[PDB]
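2 protein chains.
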Amino acid sequence: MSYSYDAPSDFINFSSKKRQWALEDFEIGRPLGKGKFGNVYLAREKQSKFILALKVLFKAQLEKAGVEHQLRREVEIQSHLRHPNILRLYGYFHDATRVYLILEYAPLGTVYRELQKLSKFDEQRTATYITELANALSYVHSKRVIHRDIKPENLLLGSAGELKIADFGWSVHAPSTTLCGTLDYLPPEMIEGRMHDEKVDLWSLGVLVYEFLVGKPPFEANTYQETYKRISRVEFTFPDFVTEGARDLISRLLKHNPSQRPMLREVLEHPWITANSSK
Amino acid sequence: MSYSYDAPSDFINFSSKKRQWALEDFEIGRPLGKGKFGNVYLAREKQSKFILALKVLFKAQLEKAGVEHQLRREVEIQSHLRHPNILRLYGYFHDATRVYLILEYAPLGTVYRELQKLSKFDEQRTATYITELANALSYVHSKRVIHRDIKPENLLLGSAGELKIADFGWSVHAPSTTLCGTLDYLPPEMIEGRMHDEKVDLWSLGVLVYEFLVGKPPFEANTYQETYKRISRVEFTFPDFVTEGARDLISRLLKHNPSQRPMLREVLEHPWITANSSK
Ligand SMILES: Nc1ncnc2c1ncn2[C@@H]1O[C@H](COP(=O)(O)OP(=O)(O)NP(=O)(O)O)[C@@H](O)[C@H]1O
Ligand SMILES: Nc1ncnc2c1ncn2[C@@H]1O[C@H](COP(=O)(O)OP(=O)(O)NP(=O)(O)O)[C@@H](O)[C@H]1O
Ligand SMILES: OC[C@H]1O[C@H](O[C@H]2O[C@H](CO)[C@@H](O)[C@H](O)[C@H]2O)[C@H](O)[C@@H](O)[C@@H]1O
Ligand SMILES: OC[C@H]1O[C@H](O[C@H]2O[C@H](CO)[C@@H](O)[C@H](O)[C@H]2O)[C@H](O)[C@@H](O)[C@@H]1O
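Same order as they appear, the protein sequences are chains A and A'. A prime marks a further copy of an entry chain.
Per the deposited numbering: the first sequence = residues -1, 7 to 20, 116, 124 to 283, 287 to 389.
Per the deposited numbering: the second sequence = residues -1, 7 to 20, 116, 124 to 283, 287 to 389.
Structure below.
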């Protein structure tokens, strides 16, 4: 009847090798870009002469904004993703005042910029991009990666013109009051959709196919209320130059019923995709 | 067999009383606040000596940002809502360079500011706020108003300390590239939830009850990924000072299954609400 066990009852405080990277390992070249917290430069590892991109963030600016924990999580997540169509994060290091991300270098810029210059893409460039993105999305889902919308701004281009999913916009919607609002008031049914199964990403893929081929998203409007209504009622139309095969794929991806959207493997098998994709 | 009907076949171009407001109708007092596009002043209508708030926007800044159509829609929607717990928009007028909104004046500031000063609210202030918000939400749903999250920042306080839902943050997420990202890639199942039925707003109401009584939202975390997980798995706990009646209401509003959340009329009937609400 004794309750003095041979087991712990003490209070527990739950709040508790090789050559490392160094800044002197890299030659520095021209700046490749700049965000709110990051400064990206062309760089080269000295021993191997290997070209990469070095992103420099300042610890003072990260802590003053309260986004250091978010940056840490992004570095931990991205550095474990290895896929030819996901921008590789080789590693990181830090000194007194700065954090350094050692990144794969994407020489041909973003798809957003390329879409601005060409206005719209032809069926072969589009179908090849979709094959690469479908492959990347399959890898992302198998790793259960929590991610945001894949838009042209989030897509870099490799040396051979292949897609590279980038982690841009990580600081936006990150808990710091945040300017864009957080998720604190959103119910599960509005946030679980992505990650749970493929159907949300398949819809977003359909929007991206349309934007690639047309140059603008299918549901754009002048107000947030009208865009809301067009999406929910699936009110969109095709220009004349969109072919029947493209229409078939986009219309099946943009089904209101998520169960009616074709799986990622069905997208890679679509006759319009296989006919026009070089991948 | 003739197909020349007595009916129109011509191409149609679908792209086509009393005393009005004037700036001289108002005496101007001290500024009440300032946003990105708006400048709010204490004002008084001259004939009646009636105190109100006059919000001044500049047409050049609206058009340069491409949010004029969104402002127009907000003015059209808000000016048709008449509820004691929704900030009244009496009307509007414009001159050469400025747009003017004639608004109900809320003397006691925002609930966000009041929550900062008190750290947390007692059960009587909280239960009364919830009664007012439930009533406002019922009116909003009956009018099928497309709205965003009701947060303390979106809530003003009237002269008697009653809640006033304000239309703050309208320019954010409005199609202009927008800094916070638009809805163009979101599927219906992620956007229909609010407006369709009450269940999304009931969840958000539960979060608000918790934040009122505790001072912080129940699912806050240092990363967006962890907040995601806590919401979807409904991982939150109560401090010691939250009473059983409050726990019962919050836990029923924060059900993962939307059909298990009590209706707005059930919230107004909850024994904890009726015992502590003065409304
Ligand atoms: N690996 C890369 N190769 C080529 N260009 C890059 C690379 N990484 C970034 N850039 C460019 O540099 C810009 C800024 O990158 P980045 O700093 O990562 O943006 P961000 O993460 O969205 N915001 P922030 O982290 O605050 O700087 C990008 O928009 C690209 O134009
Ligand atoms: N009717 C009002 N009575 C009292 N204070 C008000 C009123 N309207 C606005 N304010 C205050 O003025 C601030 C700015 O209001 P407002 O300009 O409407 O913000 P906003 O709509 O979210 N952004 P913007 O429209 O670009 O200015 C608010 O945050 C309040 O503190
Ligand atoms: O023909 C237009 C396409 O040109 C590029 O792709 C070609 O060049 C690459 C580099 O040699 C090859 O890997 C690829 O197989 C070629 O098709 C571009 O990347 C594509 O977007 C264009 O559709
Ligand atoms: O007792 C605390 C409450 O004080 C305010 O409400 C009181 O004052 C109002 C103005 O006379 C009355 O309308 C109201 O009935 C009173 O309860 C305040 O508005 C509440 O938030 C406080 O809980």
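The C-beta atom is built at its ideal place from N, Cα and C for all residues, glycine as well.
Between the CA atoms of residue j and residue i - distance to the nearest angstrom
i: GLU181 of chain A'; j: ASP256 of chain A; result: 27 Å
i: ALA281 of chain A'; j: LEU359 of chain A'; result: 34 Å
i: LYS227 of chain A; j: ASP350 of chain A'; result: 59 Å
i: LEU296 of chain A'; j: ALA356 of chain A; result: 20 Å
i: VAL310 of chain A; j: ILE253 of chain A'; result: 22 Å
i: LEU210 of chain A'; j: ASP307 of chain A; result: 46 Å
i: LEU225 of chain A; j: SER387 of chain A; result: 19 Å
i: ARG362 of chain A'; j: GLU379 of chain A'; result: 13 Å
i: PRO13 of chain A'; j: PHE144 of chain A'; result: 46 Å
i: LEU244 of chain A'; j: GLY316 of chain A'; result: 13 Å
i: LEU139 of chain A'; j: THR217 of chain A'; result: 12 Å
i: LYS339 of chain A; j: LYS365 of chain A; result: 15 Å
i: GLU336 of chain A'; j: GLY276 of chain A; result: 17 Å
i: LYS258 of chain A'; j: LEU262 of chain A; result: 34 Å
i: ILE184 of chain A; j: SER283 of chain A; result: 19 Å
i: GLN223 of chain A'; j: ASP229 of chain A'; result: 14 Å
i: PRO381 of chain A'; j: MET305 of chain A'; result: 27 Å
i: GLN231 of chain A; j: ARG189 of chain A; result: 26 Å
i: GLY265 of chain A; j: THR292 of chain A'; result: 27 Å
i: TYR199 of chain A; j: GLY142 of chain A; result: 18 Å
i: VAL247 of chain A'; j: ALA241 of chain A'; result: 10 Å
i: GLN127 of chain A'; j: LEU289 of chain A; result: 37 Å
i: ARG220 of chain A'; j: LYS326 of chain A'; result: 13 Å
i: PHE329 of chain A; j: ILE301 of chain A'; result: 13 Å
Residue i: CB within 7 Å of a non-hydrogen atom of ligand 1
i: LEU323 of chain A; result: no
i: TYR212 of chain A; result: yes
i: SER278 of chain A; result: yes
i: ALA160 of chain A; result: yes
i: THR204 of chain A'; result: no
i: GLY145 of chain A; result: yes
i: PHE228 of chain A'; result: no
8 Å Cβ cutoff, residue i in contact with chain A
i: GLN335 of chain A'; result: yes
i: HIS187 of chain A'; result: no
i: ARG126 of chain A'; result: no
i: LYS258 of chain A'; result: yes
i: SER314 of chain A'; result: yes
i: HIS280 of chain A'; result: yes
i: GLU239 of chain A'; result: no
i: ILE272 of chain A'; result: no
i: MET300 of chain A'; result: yes
i: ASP307 of chain A'; result: no
i: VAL310 of chain A'; result: yes
Identity of the residues DSSP links to residue i by a beta bridge
i: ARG205 of chain A; result: A:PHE165
i: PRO138 of chain A; result: A:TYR148
i: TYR295 of chain A'; result: None, per the DSSP bridge assignment.
i: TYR199 of chain A; result: A:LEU208
i: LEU262 of chain A'; result: A':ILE272
i: residue 284 of chain A; result: Absent here is residue 284 of chain A, because the residues of chain A run from 283 on to 287 with nothing modelled in between.
i: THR217 of chain A; result: A:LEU263
i: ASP307 of chain A; result: A:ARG304
i: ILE193 of chain A'; result: A':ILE272
i: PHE322 of chain A; result: Paired residue(s): none; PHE322 of chain A is not in a bridge.
Contact test: residue i Cβ vs ligand 4 heavy atom, cutoff 7 Å
i: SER388 of chain A'; result: yes
i: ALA267 of chain A'; result: yes
Closer than 7 Å: residue i CB and nearest ligand 2 heavy atom
i: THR384 of chain A; result: no
i: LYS141 of chain A'; result: yes
i: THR287 of chain A; result: no
i: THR217 of chain A'; result: yes
i: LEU194 of chain A'; result: yes
Residue-level contact to chain A' via CB, residue i, 8 Å cutoff
i: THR217 of chain A; result: no
i: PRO297 of chain A; result: yes
i: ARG251 of chain A; result: no
i: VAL317 of chain A; result: yes
i: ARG180 of chain A; result: yes
i: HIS366 of chain A; result: yes
i: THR233 of chain A; result: no
heavy atom of ligand 3 below 7 Å from residue i C-beta
i: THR235 of chain A; result: yes
i: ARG232 of chain A; result: yes
Residues of the stretch 329 to 361 of chain A' whose Cβ lies closer than 9 Å to any Cβ of chain A, in chain order: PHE329, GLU330, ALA331, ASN332, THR333, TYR334, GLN335, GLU336, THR337, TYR338, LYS339, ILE341, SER342, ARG343, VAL344
Members of the stretch 158 to 179 of chain A' near chain A, C-beta cut-off 7 Å: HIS176, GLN177
Check distances from the C-beta atoms of the stretch 186 to 214 of chain A to those of chain A' and list, in chain order, the residues that come in under 9 Å. Of all residues in the stretch 186 to 214 of chain A, none has a Cβ within less than 9 Å of some Cβ in chain A'.
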